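Some notes on the structure that comes next.
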Amino acid sequence: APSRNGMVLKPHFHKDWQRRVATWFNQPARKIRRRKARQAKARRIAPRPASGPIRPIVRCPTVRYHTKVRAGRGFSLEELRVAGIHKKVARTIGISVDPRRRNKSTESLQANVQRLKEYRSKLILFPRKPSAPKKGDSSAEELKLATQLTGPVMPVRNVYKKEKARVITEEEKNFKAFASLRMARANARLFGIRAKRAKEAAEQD
Amino acid sequence: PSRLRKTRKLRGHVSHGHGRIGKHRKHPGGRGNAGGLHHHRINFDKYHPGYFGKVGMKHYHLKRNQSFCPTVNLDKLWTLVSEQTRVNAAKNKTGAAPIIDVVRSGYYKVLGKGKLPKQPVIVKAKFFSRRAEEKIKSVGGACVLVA
Amino acid sequence: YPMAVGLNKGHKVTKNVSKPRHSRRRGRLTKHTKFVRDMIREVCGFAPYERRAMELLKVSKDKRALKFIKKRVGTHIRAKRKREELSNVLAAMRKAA
RNA sequence: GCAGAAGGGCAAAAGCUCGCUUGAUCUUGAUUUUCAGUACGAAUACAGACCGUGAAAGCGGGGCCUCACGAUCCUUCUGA
RNA sequence: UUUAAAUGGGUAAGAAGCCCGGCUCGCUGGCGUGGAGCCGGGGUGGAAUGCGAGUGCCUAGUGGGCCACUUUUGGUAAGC
RNA sequence: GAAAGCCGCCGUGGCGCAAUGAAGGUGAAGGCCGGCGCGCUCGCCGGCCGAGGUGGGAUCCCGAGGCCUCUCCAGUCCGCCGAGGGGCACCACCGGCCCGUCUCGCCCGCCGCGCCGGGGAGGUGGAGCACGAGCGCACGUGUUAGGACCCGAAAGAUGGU
RNA sequence: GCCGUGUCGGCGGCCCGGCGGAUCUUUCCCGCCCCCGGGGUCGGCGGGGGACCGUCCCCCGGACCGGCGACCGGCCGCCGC
RNA sequence: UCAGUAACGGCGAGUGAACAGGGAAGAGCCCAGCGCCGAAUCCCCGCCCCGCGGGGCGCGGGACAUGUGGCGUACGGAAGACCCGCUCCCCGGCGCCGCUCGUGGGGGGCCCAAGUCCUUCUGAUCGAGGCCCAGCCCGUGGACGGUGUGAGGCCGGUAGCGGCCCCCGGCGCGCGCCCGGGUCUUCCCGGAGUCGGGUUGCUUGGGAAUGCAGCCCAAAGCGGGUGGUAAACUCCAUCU
Ligand SMILES: [Mg+2]
Ligand SMILES: [Mg+2]
Ligand SMILES: [Mg+2]
């Protein structure tokens, strides 16, 4: 069955696969079924923003992706605690809440508090009949538009710094080299062994 | 295109391009990679040497994110910034060298590749090779390391 | 001079101090619950393996006692914890008399 | 005569007797034979160590040469 | 088996060849020895006949053969 | 119109742009000039540059000389040109570089002087480097897996009458 | 009357011009961190501003061709009436 | 997408996931326990407030239930007492008005223009023709039926065409329900023949056992589970 210089191959067709076949013939039909499920969901709700609540700034895990910024799930009660809004009030203000999320850094904590107060300062509420607590006159003169598009406060905006130009000085052109990588990597794995021989000379008397 | 193929041209001829003697049936050598050590052995060496056996250590559940480091070597290093930077770098004021950080360009390690130009840089990478950083320290540049 | 590999790894941030999440204080003894388990182990008593254990734990030896508790209660981290609270009954039976 | 089946080879010898020895060791490639010009096996010429013998040149990394043997998977021992 | 054909097999019949000058070497070693290598310079018409070659990829069919000179094996011989 | 059109802070991702090792990991630029340390079989500082060298090599460039109704004076052109030059792709060869291992060796470094890091010179193993050629789409041939060019058993299994 | 291409200039339109830049400006403008009610560029943060460079929109001069981009004048030679 | 990858496999033929990442969609909660409230709770029957198209909050009797109904409470903590500065709400039912983004749904019946002149034919929908207004209509030149090939003869098709009948989701009079937040102080704080272990089966890519199941043994409470090589020690992370 094999021949001249070729590829040794494993087609996974040793199983009755013509019954379990999937053809995407309804796929234009479902694209105009979930546009009409977005349009008849936009006009059904309110002047409330389409594509739902405000999402947080979130950094990705796992070395490959930890230099980018992603839209997250909720707002991690500590960030709701500092911003001053209540946890059961917040999801009818338009603010997503994920109670199982942890804040253990401070800079990424203060980023989303700045984000959450910037949202509250660009929000207009409607009283049912015009009582308006925490709210004043005509609704920002009818709120300048109707409904937003694919993100209320532009959820990614992954930004990079300027770091314009520097002068190649001493102690910078001279030290932080490949020897610093090799010695720091070796002391990372010779740490527990060297702390064992130190015990052996501590029980030496 | 059924028009352009061999079976329209081969219709009228008896064995249909397969021979009176051999008379192509279904599976005369077995199905797939059958007999790879026995009767198809001379095919599997001379074209796939290495195909049979254990060769290393097993690592259960590897994650293709722990080992992720892309590389850029030094010829592709000045294209990470504009060409408007390096023409502005060398026009005789002071030792003002630009930054080139490969991490916001999506690279982690800087390898060596000759003809890094005469200007100084400060290059912010996660890792360096020793051929790479001594090309940089010979154009008057610096090699600053980032986590 | 921060770097990725070595012994002080990672980008340097500053830690957020926080009172820990309430789910983590789950198996604490909570003195009324201490009262319920300590009252009910004298109306009910000891299991047959841990009466044989504490009559090996007073006379026979201790390496053979835990070898008997290794087999019946499952693991080693469970066998020592059982062996030390049978010894605290055996100490309270004899030395508190 | 050279252990033996044959053939080739061999005379201050490759035989016979004696004297020391362990090169029947450690390691990388190349090549020949079978051949697809693949493998094992066998062989050849080296190279680098460490050795033996001899006064020395040298010879020796098994048997005077042509035969005497065995993959993957698994087991086992050895090595830094 | 001393001797030993006919047919046959290999190689050679130039410029990648020849000569001269110099210099590198950790190889070799009485020696400006030996041998390799490198650079530079000098002289092209070097058996007959015929012919355009060189090179890579992809590749089907085939893997039962049969006969006749001459040469030969088994067999009494055979359209064996 | 189940089409077509657009997005680009929708390029995430795929393949390619870098290889090698079981792995920890490491990871592809050289030559000259001028000097110096025992110019010590080894090297060091500064400049010039910059993919090395040899043999072939289409094309191109130069080209003495050569070719015209009367002789000495000047112009474009074109054909013939021995010779010489820079040499494409590519082939053969030599050198070089990176990784794995081997042997022999000496030197340098300090977020800390160590059963620490780095370097050297020779030899071998690699699907490498030596100024990138890939990607997407379409077609054709080939091989394979699928009922697989068409038809064909003796069977085996499950559930029933 | 005309547009093609280098060369600019009027920096003109840049503040009543488009876009692009991992160019610059720690003296601009907004909510903050670093110390003794105030303050130090005292190093920046989030954003806006306006310089510079790269390319495209006019005006005067200048360069060539007026190229299948053309009309009028005169010329030559046709053409039907 | 990862990825035909890690991994499994007479390591042969073959098999073969996940986590990041980009999207589609996005919504969160309740209980037993532990405490508190005179069982503050529920079901049935009888006559009524008063009703359409029938279900109730009101009244009176029989049961349920303390072996525990209901309220407030749920691990993101909770409750109570303080103190501090706010605030009077939500829900359905009834009547009708005002809409409904393709312009809400269902149903019926309606809506442009040659059958003109000549001509061929069994029969025309054929062929020719309609002044310098292009013979007529066109938001209608889809389709089909009519003695043959029809924009105009006829259903229709076009059009935010018109009128009809029934039905739906949503404003505003009467019922029904109604103190939240912060700071401090004290008290409270959890699911067992289950986890786990051994062994045997089946299963998985899961490999010194991924999952499941039988049998045996069987917990703890700074505990337990997980951290992809069996085990001991140790630290950390994470979940409950
Ligand atoms: Mg065939
Ligand atoms: Mg064929
Ligand atoms: Mg059967």
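To be explicit about the labels: the chains of the structure tokens are called A, B, and onward in the order shown, and within each one the residues are counted from 1, while ligands get numbers from 1 in the order they are shown.
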
List as a PDB file with C-alpha atoms, in the first residue's frame the protein and nucleic acid residues lying within 6 Å of ligand 1, with only C-alpha atoms (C1' of nucleotides) and all ligand atoms counted.
ATOM      1  CA  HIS B  18      -4.531  -1.002 -14.527  1.00  0.00           C
ATOM      2  CA  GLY B  22      -2.081  -7.402 -12.293  1.00  0.00           C
ATOM      3  CA  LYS B  23      -5.809  -6.599 -12.647  1.00  0.00           C
ATOM      4  CA  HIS B  24      -6.258  -4.083  -9.784  1.00  0.00           C
TER       5      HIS B  24
END

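Pocket residues of ligand 2, taken as those with any atom at most 8 Å away using only C-alpha atoms (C1' of nucleotides) and all ligand atoms, are residues 17, 18 and 19 of chain B; 60 and 61 of chain E.
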
Can you tell me, as a count of residues only, which residues in range 65-122 of chain B count as strand (DSSP E) by DSSP?
12

Which protein, DNA or RNA residues have an atom within 9 Å of ligand 3, counting only C-alpha atoms (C1' of nucleotides) and all ligand atoms, as number ranges by chain?
F: 156-158

Would you write out, as a Markdown table, a table of all residues in chain A that have an atom no more than 9 Å from an atom of chain G, listing for each the closest atom pair and the distance in Å to one decimal, considering only C-alpha atoms (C1' of nucleotides) and ordering rows by chain and rising residue number?
| residue | atom | partner | partner_atom | distance |
| --- | --- | --- | --- | --- |
| A:114 | CA | G:46 | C1' | 9.0 |
| A:160 | CA | G:22 | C1' | 8.3 |
| A:161 | CA | G:22 | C1' | 8.2 |
| A:162 | CA | G:22 | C1' | 7.0 |
| A:163 | CA | G:22 | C1' | 8.6 |
| A:164 | CA | G:22 | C1' | 8.6 |

Dump of C-alpha atoms for the selected residues, as a PDB file, in the first residue's frame:
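Output (out-v5.pdb):
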ATOM      1  CA  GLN A 114     -10.865  54.143  38.171  1.00  0.00           C
ATOM      2  CA  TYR A 160       1.765  50.747  25.672  1.00  0.00           C
ATOM      3  CA  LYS A 161       4.070  53.374  27.114  1.00  0.00           C
ATOM      4  CA  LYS A 162       6.222  56.014  25.457  1.00  0.00           C
ATOM      5  CA  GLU A 163       9.776  55.549  26.871  1.00  0.00           C
ATOM      6  CA  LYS A 164      11.146  58.122  24.515  1.00  0.00           C
TER       7      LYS A 164
END

Could the residues of chain A that have an atom at most 7 Å from chain H be listed as CSV, each with its closest atom pair and the distance in Å to one decimal, counting only C-alpha atoms (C1' of nucleotides) and ordered by chain and ascending residue number?
residue,atom,partner,partner_atom,distance
A:62,CA,H:20,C1',6.4
A:99,CA,H:76,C1',5.2
A:100,CA,H:76,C1',7.0

Selected residues written out, N, CA and C atoms, as a short mmCIF file (atom, residue, chain, number, x, y, z; two decimals), in the first residue's frame:
data_model
loop_
_atom_site.label_atom_id
_atom_site.label_comp_id
_atom_site.auth_asym_id
_atom_site.auth_seq_id
_atom_site.Cartn_x
_atom_site.Cartn_y
_atom_site.Cartn_z
N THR A 62 -0.93 32.64 32.37
CA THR A 62 -0.12 31.70 31.58
C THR A 62 0.89 32.30 30.62
N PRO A 99 -18.36 37.49 42.11
CA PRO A 99 -17.93 37.48 43.51
C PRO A 99 -16.77 36.56 43.80
N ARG A 100 -16.49 35.59 42.94
CA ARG A 100 -15.42 34.64 43.22
C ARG A 100 -14.06 35.14 42.76
#

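Residues from chain B found within 12 Å of chain H are residues 30, 31, 32, 33, 34, 35, 36, 37, 38, 51, 52, 53, 54, 55, 57, 58, 59, 60, 61, 62, 63, 64, 65, 66 and 68 of chain B, counting only C-alpha atoms (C1' of nucleotides).
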
Would you write out those residues with C-alpha atoms, as a PDB file, in the first residue's frame?
ATOM      1  CA  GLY B  30      -2.961  -4.834   3.105  1.00  0.00           C
ATOM      2  CA  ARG B  31      -4.764  -1.809   4.461  1.00  0.00           C
ATOM      3  CA  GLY B  32      -2.881   1.248   5.611  1.00  0.00           C
ATOM      4  CA  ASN B  33       0.514   0.730   7.205  1.00  0.00           C
ATOM      5  CA  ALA B  34       0.143  -3.036   7.422  1.00  0.00           C
ATOM      6  CA  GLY B  35       3.271  -5.146   7.396  1.00  0.00           C
ATOM      7  CA  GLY B  36       5.516  -2.211   8.160  1.00  0.00           C
ATOM      8  CA  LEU B  37       8.141  -4.419   9.745  1.00  0.00           C
ATOM      9  CA  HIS B  38       7.487  -7.480   7.601  1.00  0.00           C
ATOM     10  CA  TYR B  51       9.810   5.015  12.859  1.00  0.00           C
ATOM     11  CA  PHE B  52       9.914   2.197  15.445  1.00  0.00           C
ATOM     12  CA  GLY B  53      10.730   2.509  19.118  1.00  0.00           C
ATOM     13  CA  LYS B  54      10.914   4.444  22.367  1.00  0.00           C
ATOM     14  CA  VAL B  55      13.345   7.327  22.233  1.00  0.00           C
ATOM     15  CA  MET B  57      11.248  10.633  28.456  1.00  0.00           C
ATOM     16  CA  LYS B  58       7.498  10.837  28.855  1.00  0.00           C
ATOM     17  CA  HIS B  59       6.102  14.122  30.122  1.00  0.00           C
ATOM     18  CA  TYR B  60       2.468  13.889  31.155  1.00  0.00           C
ATOM     19  CA  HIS B  61       0.325  16.982  30.557  1.00  0.00           C
ATOM     20  CA  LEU B  62       2.684  19.352  28.854  1.00  0.00           C
ATOM     21  CA  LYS B  63       1.383  22.867  28.514  1.00  0.00           C
ATOM     22  CA  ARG B  64       2.295  24.805  25.379  1.00  0.00           C
ATOM     23  CA  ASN B  65       2.325  28.091  27.290  1.00  0.00           C
ATOM     24  CA  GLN B  66       5.118  27.463  29.793  1.00  0.00           C
ATOM     25  CA  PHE B  68       6.436  29.822  24.875  1.00  0.00           C
TER      26      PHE B  68
END

Running DSSP on the backbone, which parts of range 56-166 of chain A land in alpha helix (DSSP H), as number ranges by chain?
A: 78-83, 107-120

Residue contacts of range 57-73 of chain D (12 Å, only C-alpha atoms (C1' of nucleotides)) excluding same-chain residues fewer than 3 positions away, as a PyMOL selection string
(chain B and resi 36-38+41+50-55) or (chain D and resi 2-10+13-15+21-27+33+39-43+49-54) or (chain H and resi 9-12)

Which chain B residues are at most 12 Å from chain F (counting only C-alpha atoms (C1' of nucleotides)), as number ranges by chain?
B: 1-7, 15-18, 23-27, 29-34, 48-50, 54-59, 67, 70-76, 109-118, 127-132, 135

Set the distance at 12 Å and use only C-alpha atoms (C1' of nucleotides): which residues neighbour range 70-77 of chain G once local chain neighbours fewer than 2 positions away are removed? I'd like the list as a PyMOL selection string.
chain G and resi 1-3+66+68+79

12 Å contact set for residue 142 in chain A, only C-alpha atoms (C1' of nucleotides), chain neighbours under 5 positions out, as a VMD selection string:
chain A and resid 47 124 to 126 137 147
